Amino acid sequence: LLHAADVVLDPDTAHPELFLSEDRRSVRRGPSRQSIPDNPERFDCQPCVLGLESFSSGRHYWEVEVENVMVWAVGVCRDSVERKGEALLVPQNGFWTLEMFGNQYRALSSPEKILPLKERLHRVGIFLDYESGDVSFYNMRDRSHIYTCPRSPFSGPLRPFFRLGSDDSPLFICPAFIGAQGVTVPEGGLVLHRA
C-alpha cells in the first residue's frame, strides 16, 4: 500500500541561509541570511532542509517542483544523520539524493554517475520503500522511472531530504491532495478551486 506523503519542512532542520515559506512547503535562497541558533538538530555549512515527518516502514512518496531552478538535490536521508559540518551526502553517510548540476542530473550526487535524461525535469517524485531499501525518483510528467538508488539496509527512521544551491527560484514541495477539506462545497460543487 503506497502512501502519498504530505511533506512539510522542519525549520529546526532548516539551514541558516534557506528561507521557508509560512506554510513551510516552499524554500528559497536570497541575499539576506537567517542567523538562527546552530543547535544539534540542524545543518549549518551545506544548504539543507529536512521534512519533519520521518518514516520507518511502508511505501511513501511525494512530488517536488523544480521548474526554473538551476542547482538542486532532492531525495531521502535518515533521522540519524550527521547535521554538523560539511560531509559528502553520499549513500555511505546516509544520504540518497537526485541532483542537478551544470545543466546535468547526477545520481548519488557524485560527479561521474551522470543520468542521461533527454528532457529537463520540472516536477520529480521521490519514492521510498523501507522494507526494500528502495529510494527511487520519477518523472511526474509521464510518471516514468528516473533512477533507483543502490539498495540500502535501513537502520532507523528516515525523512525527506532537500538541498538548494540555487539562488534563482524557490523549490516547491507538492502537498498531498486534500480535496475540498476546510472549504464549503456549494449545492453544485466546487469548480476549478484555486485558493
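A residue's number is simply how far along the shown sequence it sits, counting from 1.
Look at the mean CA B-factor for 179-187 and for 10-18 in the entry; the higher one is 10-18. On average the C-alpha atoms of 33-41 have higher B-factors than those of the other stretch, with 52-60 and 33-41 being the two compared.
Highest C-alpha temperature factor among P160, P150, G156, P153 per the entry: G156.
Taking the PDB entry at face value, the top CA B factor among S166, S132, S136, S144 belongs to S166. Ranked against the other modelled residues of its chain, the C-alpha B-factor of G102 as given in the entry falls in the middle third. In the PDB entry, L89 places in the highest third of its chain by CA B-factor. Split the chain's modelled residues into thirds by C-alpha temperature factor. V69 is in the middle one.
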